[PDB]
A.B. asks: 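My structure is below; once you've seen it, I'll send some questions.
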Amino acid sequence: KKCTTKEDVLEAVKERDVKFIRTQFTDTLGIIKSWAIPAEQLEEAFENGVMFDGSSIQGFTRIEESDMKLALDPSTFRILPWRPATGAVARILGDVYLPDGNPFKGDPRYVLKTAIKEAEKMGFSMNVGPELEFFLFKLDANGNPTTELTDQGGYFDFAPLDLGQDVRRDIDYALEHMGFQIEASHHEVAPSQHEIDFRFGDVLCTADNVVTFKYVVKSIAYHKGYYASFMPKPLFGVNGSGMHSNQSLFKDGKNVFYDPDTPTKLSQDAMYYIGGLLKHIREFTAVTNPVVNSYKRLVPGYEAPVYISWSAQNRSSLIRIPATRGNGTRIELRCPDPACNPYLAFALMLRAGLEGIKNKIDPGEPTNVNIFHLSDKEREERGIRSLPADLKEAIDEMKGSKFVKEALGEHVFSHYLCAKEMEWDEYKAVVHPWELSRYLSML
Amino acid sequence: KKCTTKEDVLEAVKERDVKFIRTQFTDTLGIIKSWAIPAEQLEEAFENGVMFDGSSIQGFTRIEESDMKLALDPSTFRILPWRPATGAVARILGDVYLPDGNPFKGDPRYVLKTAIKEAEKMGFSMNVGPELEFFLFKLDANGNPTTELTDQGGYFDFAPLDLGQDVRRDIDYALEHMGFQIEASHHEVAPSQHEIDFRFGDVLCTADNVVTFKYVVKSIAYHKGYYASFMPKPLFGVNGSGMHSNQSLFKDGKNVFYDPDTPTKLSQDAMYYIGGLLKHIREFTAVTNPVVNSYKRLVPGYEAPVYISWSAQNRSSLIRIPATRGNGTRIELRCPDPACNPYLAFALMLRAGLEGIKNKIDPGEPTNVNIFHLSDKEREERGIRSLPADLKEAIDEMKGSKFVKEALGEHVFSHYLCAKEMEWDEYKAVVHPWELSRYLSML
Amino acid sequence: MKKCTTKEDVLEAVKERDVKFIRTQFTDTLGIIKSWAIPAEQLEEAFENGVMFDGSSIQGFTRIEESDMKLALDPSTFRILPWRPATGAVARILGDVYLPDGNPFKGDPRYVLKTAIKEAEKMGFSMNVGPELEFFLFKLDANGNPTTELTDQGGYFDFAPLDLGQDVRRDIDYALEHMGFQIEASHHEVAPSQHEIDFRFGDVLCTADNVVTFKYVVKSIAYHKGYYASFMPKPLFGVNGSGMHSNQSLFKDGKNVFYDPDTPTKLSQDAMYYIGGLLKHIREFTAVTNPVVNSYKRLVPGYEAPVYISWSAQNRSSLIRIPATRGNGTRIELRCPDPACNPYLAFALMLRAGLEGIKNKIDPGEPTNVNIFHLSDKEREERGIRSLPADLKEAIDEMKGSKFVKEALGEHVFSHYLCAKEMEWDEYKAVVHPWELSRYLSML
Ligand SMILES: [Mg+2]
Ligand SMILES: [Mg+2]
Ligand SMILES: [Mg+2]
Ligand SMILES: [Mg+2]
Ligand SMILES: [Mg+2]
Ligand SMILES: [Mg+2]
């Protein structure tokens, strides 16, 4: 089941009776985009490319069309894990080009590719294993999503044990049937919350899978009567959903972060990589935490980190070093939530870590104390800064950042910020029922 | 009906058959406070004072009691506008003292008195006429307040014309029966919204009346089946409720703001007074706009001002000069909402205006253009700043302000900020239904 | 079924039986069953290098920070679950938890039971356990949530229920036998909709693993037939609660060391000392055998649950009972625990207490052949008959100052267990219950 050439794809389409091909790409804000191609037209698509409206990539801030061409990558062909009676369905990715023949710089996948390209200039290749947390909710009588609980279980609980036990198994099976190579799946801290850990793979292939994961899990749950939610904080008072990103660099086949003779067995480049991450994380929190609801997860008192720090012992730090060493040496960034665009988030993580190695950015001493247990003046002395407290603050930090603008390009940078600003200007004017409950009788 | 001495009060209590006396004071956050005294004990109260728990003034941030004494002011005695079958009811104010005999610096009324005291050092006395906007809503089946409309009328509409016509008349009559001397009352822009304009009077007496107004209107409406709401923005998409504060200074009986020979007929001190207001308004917006809901009114596109500016022509400026001249020359600050503590708000307005005259603070050229019609870069050149966009930003501006700390005192200053911070930390973590409507199906 | 010994045994069985997912199985400090799924393709590498996982999951709801830990899979614990999804077969597997430095994690309750077994081996003893698990079978509401709605109104040993509940009850028994549980007996219990399943009398470590497996297997099977299986100690007022009677005996040289043909009761001196140690320390770890606030709504007089510390051979209502069987079947039954307890911690502490009795020759005193429930405080005080802790707070306080429980559990488990139970009690003691409104709202 390893596809390399267009002839590999075409023969598998004929042998497996694939009738529809679905393109897969994402817009600037991480929404999954697609259109359907009948398989009869697939051979022409491989030869000539497929023309489509490129403003779909631009987000919801689009006004004008832009004719663009999608050059299909046969190595991304993959059959979807459901079987219509008519025939099989498969997804395929590709690269977006302008009519003049130049690659469209506004595709988030292209943005990730340039970061991979800059990493290869120094001989580095990046591997990532994301830990994706989500909620399994009930549908109402009309089939609409709700936040109604499907179980009351806790961390690593063997739950649910009713019919929800079968949908969770169906989700894991569907991913395995598609070649995901899941490492582990388990119940998360909050009721009805679940986590699936990806295999440690190369960043580009992993990023494509994070996108595929989201609509596969969504579709499988829907067809069983449940709703899979990737909201950061759908429920007050319980754990939010993060997307922890374990990352590692390789050069000449060996792990760049590992060093057998150092006290912590962590290399100098590992320290530099953390320094770049710590130096720039505030500038692209708006990308790792892209929606207004993201910052309801980034509040003190839960697993989510709100203070910029690193440690090898405390969990609640922004960056944590797992105990694993050798070829598996990795660092874990714990702030992102599964609403982020994986292409933009992974690219900025790579660029920030690369800038740490380039500029020999010291990360400081690790914070082994639970920072939540500290006063504001204590953190002030130790130089412990915090993440932006809402989307608007994150927007302002990203607005004036030379690092983020150069890494995304002036087109992705502008369009992402403009959409997020429109988002906040809508939210900031809403009068919420909490305000009514608090002030109607008081004032 | 003019009371001057304790014997004036005691005889009127006997003649008018007053059976209960209600003390009236406010806490640090502007909530109206009270306790009941049977009229038989009133004569002892005038002689010795009344001991009460002073931590009631401290707000909801109180932990320890503090025994304090209220020295009743017989000139504030006033009979309430409803008539129980048992007997009449009256309100009375006073000054709060510590057991050692010193005035308690934490009473907001005392804070206003010191600003009046500092104004008298330069020969100034301040007169204020507040324009109080409120909403008239329906009660549900259980008598609880709602936001259900009582009319659909607009600006200056003769509405409502149903039974709501009688409660609005009852409210105006009750205030007139109590000696308020209302200037005008009319329908406001939003449906079910109403405004009552006070007589131009001295700041201390006016501030006491703003407090009395709130619970009188509340009680009169309740007993007719309606709810009077003083929320800034109870309803999205329609006008909020402000408390415009027209103010003027007098020295030697003549209006300090008037000058017959100047082009605009406005004196130099009037310009200085505006300059101090403009220089400091950002530092005490947290007092004029004290609740989270206040900044749902301070959004662009309605009558509320969000840009720091002054003009004699445009309404939508933060400070506006009415056309009236001579003894009636006044300036109007349009940002406050009726949730503010009138003692703290008027005191800071007086101090800021006084600091303008002391330091000869130029207010700049007036902005006669509708600032809302301008780009961000246009306002940048003209030095046009904006008000804080939420309660947290207003808290931070007040936290580091030497002017506000000195004018309120270190005890009111600390307690006010601590309560408002607890307020924001509760609001910032709430997951609102708007987030569910926007992100549950998307993410 | 089959018995697996090597990793090659398990890997073969995965292929020939089309097992697609392996579920790890362990417990947190409080006894909550913990698991995560491994794809069968990953299983071969799991046997070679172990599986990294967040070991703070073992701490319970008192976990402060993450802790990387390794699970070394035990091939002999591989067992196929008794449901057959269309996708493929499912199996569970246990293992040992190791720290990154290579040492075993002392906070795993399974490790705690294993060191108790090691103390028995030092004195030449191996311990066998047969538990009797009581549970309730309730209806689900219209939304699929558990209720306390009855499924039958039968009593002790009744042939009930006889409606569709007869089938789910039989499905539970069939699936346990399908996994090789070798059930001794299953019957209706005293309370309506209450049931009992009697485990095979076998090795303590294997039996403790089966108790954890039993709970989620019964719950999942009941769930899929529209019923809820409850292991609450006392879900309903006014009827019997659910207990976990723990039969036990020691063996040495393949002989039962509790049996003596020569003595009058046909019990050896070691059995007397073993009882003495149990009676000496039972108060100090009642918080382990009866771990939740609801446990002490069962530990009240009048419903078969023992509240007084005594032993006897005749009447069951004693804390410790001697069944009539002798010879190789000689055992002593401890009747205080409920199915909410962690079996690893409860069995470990029973063993340690009994072994402490043997090594210190602790006399158990005269048996109390009368029903203690018929005695005054004066009569009970005259015979020096003590009570079990009356609520979780009292049991916590008795466990907090026990040097014995701290040594047997280890510091990590000891503090983490107590801290969690204290937070549980502090939350409970502040609640204003509807019973208080019914009694006081009108009166005061
Ligand atoms: Mg997690
Ligand atoms: Mg993690
Ligand atoms: Mg108006
Ligand atoms: Mg006005
Ligand atoms: Mg029984
Ligand atoms: Mg029994």
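Each chain gets a letter, A, B and so on, in the order its sequence line appears, and its residues count up from 1. Hydrogens, waters and symmetry mates play no part in the numbers below; they use all other heavy atoms, side chains included.
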A.B. asks: Taking the inter-plane angle between the rings of A:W434 and B:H432 on a 0 to 90° scale, is it parallel (under 30°), tilted (30 to 60°) or perpendicular (over 60°)?
C.D. replies: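 A:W434 and B:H432: perpendicular rings.
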A.B. asks: Pick from B:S229, B:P232, B:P338, B:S441: which one has the most heavy-atom pairs with chain A under 4.5 Å?
C.D. replies: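 So the answer, after comparing B:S229, B:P232, B:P338, B:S441, is B:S441.
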A.B. asks: Would you call B:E435 and A:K233 a salt bridge, taking side-chain N to carboxylate O under 4.0 Å as the test?
C.D. replies: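 The answer is no: the pair does not qualify as a salt bridge.
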A.B. asks: Atom OG of B:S241 and atom CG of A:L443: how far apart are they, to the nearest 0.5 Å?
C.D. replies: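 B:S241 atom OG to A:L443 atom CG measures 10.5 Å (nearest 0.5 Å).
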A.B. asks: Over all heavy atoms of both residues, which pair between B:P234 and A:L436 is shortest? Give the atoms and the distance, please.
C.D. replies: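 For B:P234 and A:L436, the tightest heavy-atom pair comes out as O-CD2, 3.8 Å.
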A.B. asks: Under the side-chain contact (heavy atoms from CB on, under 4.5 Å) rule, what do B:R438 and A:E423 come out as? Steps first, then yes or no, please.
C.D. replies: CA-CA 10 Å; B:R438 196 175 147 91; A:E423 264 185 56; 3.2 Å; yes
A.B. asks: Between B:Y227, B:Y439, B:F134, B:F236, which has the largest tally of heavy atom pairs under 4.5 Å with chain A?
C.D. replies: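 Sorted descending by pairs with chain A, the first entry is B:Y439.
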A.B. asks: Does A:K224 NZ have over 12 foreign heavy atoms under 6.0 Å away?
C.D. replies: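 Atom NZ in A:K224 is not packed in, count stays at 12 or less.
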A.B. asks: If you count heavy-atom pairs within less than 4.5 Å of chain A, which of B:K214, B:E426, B:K392 leads?
C.D. replies: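 Most heavy-atom pairs within the cutoff with chain A belong to B:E426.
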A.B. asks: Could you tell me if the side chain of A:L440 sits less than 4.5 Å from the side chain of B:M231, heavy atoms only?
C.D. replies: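 Heavy-atom side-chain distance check passes, below 4.5 Å.
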A.B. asks: For A:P433, which atoms come within 4.5 Å of any heavy atom of chain B: side chain, backbone, both, or neither?
C.D. replies: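 Just the side chain, heavy atoms under 4.5 Å.
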A.B. asks: Write down the atom of A:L235, the atom of B:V431, and the distance for their closest heavy-atom approach.
C.D. replies: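 Looking at all heavy atoms of both residues, the closest pair is C-CG2, 4.5 Å.
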A.B. asks: Do you know which of B:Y427, B:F230, B:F137 has the most heavy-atom pairs under 4.5 Å to chain A?
C.D. replies: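 Heavy-atom pair counts peak at B:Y427.
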A.B. asks: Counting only non-hydrogen atoms closer than 4.5 Å, does B:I31 touch chain A with its backbone (N, CA, C, O), its side chain (CB onward), both, or neither?
C.D. replies: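 Contact with chain A involves the side chain of B:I31 alone.
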